[PDB]
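Residue numbers (the entry's author numbering), protein chains in the order written: chain G, 827, 848 to 874; chain P, 537 to 584; chain E, 924 to 971. We put the CB at the ideal spot given by N, CA and C, even for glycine. Working notes, beginning with the structure itself.
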Amino acid sequence: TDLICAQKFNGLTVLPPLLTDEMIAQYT
Amino acid sequence: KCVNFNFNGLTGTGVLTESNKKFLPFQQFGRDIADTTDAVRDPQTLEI
Amino acid sequence: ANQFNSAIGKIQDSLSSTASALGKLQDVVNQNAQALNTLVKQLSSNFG
Numbered sequence: 827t848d849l850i851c852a853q854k855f856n857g858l859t860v861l862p863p864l865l866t867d868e869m870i871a872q873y874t
Numbered sequence: 537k538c539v540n541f542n543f544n545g546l547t548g549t550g551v552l553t554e555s556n557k558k559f560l561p562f563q564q565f566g567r568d569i570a571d572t573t574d575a576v577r578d579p580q581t582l583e584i
Numbered sequence: 924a925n926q927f928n929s930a931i932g933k934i935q936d937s938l939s940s941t942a943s944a945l946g947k948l949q950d951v952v953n954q955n956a957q958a959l960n961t962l963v964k965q966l967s968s969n970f971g
């Protein structure tokens with residue numbers, strides 16, 4: 827398993863990952 | 537628009553947007569798990 | 924041929940039936956969730 851937007855309201859920014867799930871699967 | 541909103545309970549910054557949320561007739565203010573107010577009822581009229 | 928194909932079928936059955944084998948990854952989400960929540964909840968404390 848939003849909580850991301852809930853943290854962004856207090857000033858906590860969630861950075862997106864560098865490798866997307868599609869690229870990671872293409873690595874596998 | 538992002539403006540300073542004070543209805544009787546708090547002074548803060550945010551954008552008011554209409555949604556489908558439903559509150560009890562005896563409820564006024566609400567917050568999320570982070571203890572920050574995400575909704576305020578209009579004092580004079582009925583709005584969420 | 925029947926040993927490997929049946930073993931992969933056991934991995935599919937063990938992964939579908941048991942969802943706690945990935946809890947090692949769920950701990951990472953829990954450690955971040957508890958850390959993000961603790962930091963924002965301390966803003967409501969009076970701090971003396």
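Compare the beta carbon distance of residue i and residue j with 9 Å and say whether it is the shorter of the two.
i        : j        : result
P:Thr573 : P:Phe562 : no
G:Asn856 : E:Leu945 : no
G:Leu849 : E:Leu959 : yes
E:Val952 : G:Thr874 : no
Three-state secondary structure (DSSP) at residue i?
i        : result
P:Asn556 : coil
P:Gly548 : strand
E:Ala930 : helix
E:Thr961 : helix
P:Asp578 : coil
P:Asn540 : strand
Applying the criterion that 16 or more other CB atoms from any shown protein chain within 10 Å of the CB defines a buried residue, is residue i buried or exposed?
i        : result
P:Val551 : exposed
G:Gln853 : buried
P:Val576 : buried
Distance check for residue j and residue i, CA to CA, integer angstroms please.
i        : j        : result
P:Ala570 : E:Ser937 : 37 Å
P:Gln580 : P:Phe543 : 10 Å
E:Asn925 : E:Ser940 : 22 Å
P:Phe559 : G:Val860 : 30 Å
E:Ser929 : G:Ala871 : 24 Å
P:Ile584 : G:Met869 : 42 Å
E:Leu948 : G:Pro863 : 16 Å
P:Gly548 : P:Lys537 : 13 Å
E:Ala956 : G:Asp867 : 21 Å
E:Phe927 : E:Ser943 : 24 Å
Can you list, in chain order, the residues of the region 559-581 of chain P whose Cβ is nearer than 7 Å to any Cβ on chain G?
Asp568, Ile569, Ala570, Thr572
Near-chain G residues of the region 946-962 of chain E (beta-carbon distance less than 8 Å), N- to C-terminal order:
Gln949, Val952, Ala956, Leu959, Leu962
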